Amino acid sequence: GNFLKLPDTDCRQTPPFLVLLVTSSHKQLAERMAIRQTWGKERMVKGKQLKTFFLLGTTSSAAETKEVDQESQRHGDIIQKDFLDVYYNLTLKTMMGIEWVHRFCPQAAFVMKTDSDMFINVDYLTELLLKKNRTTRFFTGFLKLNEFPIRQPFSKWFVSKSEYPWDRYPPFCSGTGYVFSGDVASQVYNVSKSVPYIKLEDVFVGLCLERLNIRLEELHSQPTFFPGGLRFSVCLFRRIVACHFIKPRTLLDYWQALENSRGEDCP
């Protein structure tokens, strides 16, 4: 479907249990390298395969274009299509990832769309998913159930009435990190063209899920996704799935902390 870059992976041969799709700008190489050394490292988690890919569009900068071309050649984990990669095109970026799952990895049991300024505890996520007994039409994350369109003209999430004309948004999950069973990717790509467009990608996916009659559900009896960020501790971070507001160096320091304290017990 018009992909400029496709990861060197074969999901039919080796169906992944969890596929991470990470959004990042071309200049955010430091982010991607920190993820590649930390929670993005492909591995078997409780015998389940984890795969990690980075979603990119295109840019006017020839330098960044060449950098990203070289990165794809060294890492082979970039999914790319020809759309201008800017904040207000994040919906295209998300739909590219969903399209990739639909076309090339329908075998994925679960797919997590995540941001680059994030800590992800794949071990705990896998444990909770294996416990949920939900393999189809499943969608979870930080649930946002009574959200009102931001009508402040200079806010990053401002939508005019012509862009979104209704008083409330549909149920949706924060775009920081959301997880869905792999079949969900095909149903969304299908109805995508008939659902009203909105430039906020997490609201757009919510509109698609609503059209599909897919209901959001909490992953666990306790909160596990933290779009607002968290005060760090080893024992807390062992029992969460996702935390936002995390810069590259902090992610390496947190990952080192968890490695250093492996084998220590927590209340």
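From 1 onward, residues are counted along the sequence shown.
Two stretches are in play, 43-51 and 208-216, and the higher mean C-alpha B-factor belongs to 43-51.
Mean CA temperature factor is higher for 8-16 when stretches 8-16 and 243-251 are set side by side in the entry. Highest C-alpha temperature factor among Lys131, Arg168, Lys144, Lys93 per the entry: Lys131.
Among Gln28, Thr224, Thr38, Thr65, the highest C-alpha B-factor in the deposited entry belongs to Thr65.
Remark: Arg103 belongs to the middle third of its chain, ranked by C-alpha B-factor as recorded. Per-chain ranking of the deposited C-alpha B factor places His75 in the highest third. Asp115 sits in the lowest third of its chain by CA B factor, as recorded in the PDB entry.
Ranked within its chain, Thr136 lands in the highest third, by CA B factor from the PDB record. Per-chain ranking of the deposited C-alpha B factor places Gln152 in the highest third.
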